[PDB]
Structure formats: structure tokens, C-alpha cells
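Engineer: Protein sequences, first through last, are from chains A, B and C. Taking the entry's author numbering, the leading residue of the first sequence gets 23, the next gets one more, and so forth. Taking the entry's author numbering, the leading residue of the second sequence gets 23, the next gets one more, and so forth. Taking the entry's author numbering, the leading residue of the third sequence gets 4, the next gets one more, and so forth.
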Amino acid sequence: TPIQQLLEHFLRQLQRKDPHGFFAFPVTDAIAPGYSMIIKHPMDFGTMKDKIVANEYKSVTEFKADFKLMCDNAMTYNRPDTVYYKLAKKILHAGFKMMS
Amino acid sequence: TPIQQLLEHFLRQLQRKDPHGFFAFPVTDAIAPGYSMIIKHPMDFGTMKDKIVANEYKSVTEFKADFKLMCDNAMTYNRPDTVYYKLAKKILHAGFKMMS
Amino acid sequence: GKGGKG
């Protein structure tokens, strides 16, 4: 669909802000001790791609809520001085400005 | 020395509070990422025991300040929900009471 | 058992 074109572009633009791919793939408790108990609704760019391909977003509002959920979860789990926290808070605000 | 017997007794009653030995040995960066960038003055009970046997503490005041350091390190680095944070908080207050 | 990522 055309929403798919739109969302695929926003996705690729957001994902360029993450050159190490910190957000490319689901987090597992082995790389992030205690993650699945703290974060109740995990999200990552890969899951978001598949939701685009699968036509699950019906509006750009729904896509931006999963983006924010992904950055919210990183803020929550990771200590503020960490590359993870920094990059989540930075990309959350810039990606929302980019996609308005 | 008499201060050494006193402190050894206190060190023993404190360690009994830590049945898993979370506080027994130095924390390494290998098992707590970024830990040495964040905690600039490490302490643990095994180092406090070496300290007592070396007659490094001239007062209970100096010993209590190392115990405090150790709990403040764990409350600084560990997230509040963790076993490590909750133990450190608990034993800080109970051990200061017990030494008075 | 201890920390976050890194």
C-alpha cells in the first residue's frame, strides 16, 4: 500500500540514526539481565519492519506509538549514562520531529 | 589489637546479612559493564577484612565509612529493582544501627 | 545476573 511506502521511508530514516543497530533486533535476557521482567512490551526496528510488511499499522500515529514504545523501553531499562539511553532519548525526539 | 577484634566481630555480623556473597569480593567490569567508569572508589567486604588485618582502620568511624562506601556503590550502580540495590539499602541501615 | 547491557 501507500501507507507502506510512507512508513518504509520513515523507518529507513530512523534506522540510519542507529549505525550500531542497538535497536535493530529484539533484546534478550542474556545480553540484558532482567530485561523481560522489567519491559513488558518489547519493540525493535526489525519487529516494526515486519509489522509494515504485514500491514498492521493503519496510520502513521500507530507507527509512531511503536517507535516511542521502543525508545521508552530503552530509557527505562538502561542507566541514563549509557549509549543505549542516550541514543534512545535522542532518536525519540528527533524521529518525532522528522515524521511530523 | 583490641580495635581489630571489634571490627572483625562487626565484619562478621555484617557478612551474615549477605548469604550469597554479593559483597564478598571486588566487582569487575567483566560482570558489571561500565562498573569501573561509574564507581571511582570500589569497596567490598573482602577488602575491608584485609584492611582490619592490616590495622588500616584507627576507629569504628573509618570502618563504618568503608561499609557505607560499599553500600553507596551498589545503590549507585544497580537499578533499584535489583537484588543488589535492595540488599545494599537494607544492610546499610541495619548495619549502621547494629554498630551503634 | 548483574547489570544491564554493555
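Yeah, the Cβ is synthetic: ideal placement off N, Cα and C, and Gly gets one too.
At 8 Å on the CB atoms, spell out the chain A contacts of residue 104(B), in chain order.
Structural biologist: Stepping through the second sequence from its first residue, residue 104(B) is reached at position 82. Near residue 104(B) (Cβ distances below 8 Å), the residues of chain A are 56.
Engineer: Assign residue 88(B) to one of two classes, buried (16 or more other C-beta atoms within 10 Å of its C-beta) or exposed (fewer than that).
Structural biologist: Working through the second sequence from its first residue, we reach residue 88(B) at position 66. Result: buried.
Engineer: Could you run through the stretch 53 to 82 of chain A and flag, in chain order, every residue whose CB is less than 8 Å away from some CB of chain B?
Structural biologist: Those would be 56 and 60, in chain order.
Engineer: Leaving out five residues before and five after residue 23(B) in sequence, what residues of the same chain have Cβ atoms less than 7 Å from its Cβ?
Structural biologist: Here residue 23(B) refers to the residue found at position 1 of the second sequence. Answer for residue 23(B): 77, listed in chain order.
Engineer: Can we count residue 49(B) as close to the ligand MG, meaning its CB is less than 7 Å from some heavy atom?
Structural biologist: The ligand MG is not part of the structure shown, which contains no ligands of any sort.
Engineer: Buried or exposed, going by whether 16 or more other CB atoms sit within 10 Å of the CB of residue 110(B)?
Structural biologist: Here the question's residue 110(B) lines up with position 88 in the second sequence. Buried, since its Cβ has 16 or more Cβ neighbours within 10 Å.
Engineer: Of all the options 97(A), 71(A), 96(A) and 98(A), which has the alpha carbon lying nearest to the alpha carbon of residue 85(A)?
Structural biologist: In the first sequence, the residue the question calls residue 85(A) occupies position 63. Closest by alpha carbon: 71(A).
Engineer: Could you tell me whether the Cβ of residue 101(A) comes closer than 8 Å to any Cβ of chain C?
Structural biologist: On the first sequence, position 79 is the one that residue 101(A) refers to. Closer than 8 Å: yes.
Engineer: Below 8 Å CB to CB, which residues in the same chain sit around residue 46(A) once its five sequence neighbours on both sides are set aside?
Structural biologist: Working through the first sequence from its first residue, we reach residue 46(A) at position 24. Hits under 8 Å: 37, 40, 66, 67 and 68.
Engineer: Decide if residue 105(B) is buried, meaning its Cβ has at least 16 other Cβ atoms within 10 Å, or exposed.
Structural biologist: The residue labelled residue 105(B) in the question sits at position 83 within the second sequence. Counting Cβ neighbours within 10 Å, residue 105(B) comes out exposed, since fewer than 16 surround it.
Engineer: Does residue 59(B) pass the burial test, meaning 16 or more other C-beta atoms within 10 Å, or should it be called exposed?
Structural biologist: Position 37 of the second sequence holds residue 59(B). Residue 59(B) is exposed by the Cβ-count criterion.
Engineer: Does the beta-carbon of residue 118(B) have 16 or more other beta-carbons within 10 angstroms, so that it is buried, or is it exposed?
Structural biologist: Counting from 1 along the second sequence, the entry for residue 118(B) is found at position 96. Residue 118(B) comes out exposed.
Engineer: With distances taken from CA atoms, which of 53(A), 26(A), 44(A) and 29(A) is nearest residue 6(C)?
Structural biologist: By 1-based counting over the third sequence, the position of residue 6(C) is 3. Per the Cα distances, 53(A).
Engineer: Considering just the uninterrupted stretch of the alpha helix (DSSP H) at residue 4(C), what are its terminal residues?
Structural biologist: Along the third sequence, one-based indexing puts residue 4(C) at 1. Element bounds for residue 4(C): n/a, residue is neither H nor E.
Engineer: Smallest Cα separation from residue 73(A): which of 114(A), 116(A), 96(A) and 33(A)?
Structural biologist: Locating residue 73(A) in the first sequence gives position 51, where the first residue counts as 1. Closest by alpha carbon: 33(A).
Engineer: If we ignore side chains and look at the alpha-carbon of each, how far apart do residue 79(A) and residue 28(A) end up?
Structural biologist: Counting from one through the first sequence, the residue named residue 79(A) turns up at place 57. Counting from one through the first sequence, the residue named residue 28(A) turns up at place 6. Taking the straight line from one Cα to the other gives about 11 Å.
Engineer: Work out the CA separation of residue 25(A) and residue 121(A) for me, nearest whole Å.
Structural biologist: Indexing the first sequence from 1 puts residue 121(A) at position 99. Indexing the first sequence from 1 puts residue 25(A) at position 3. Cα-Cα distance, rounded: 13 Å.
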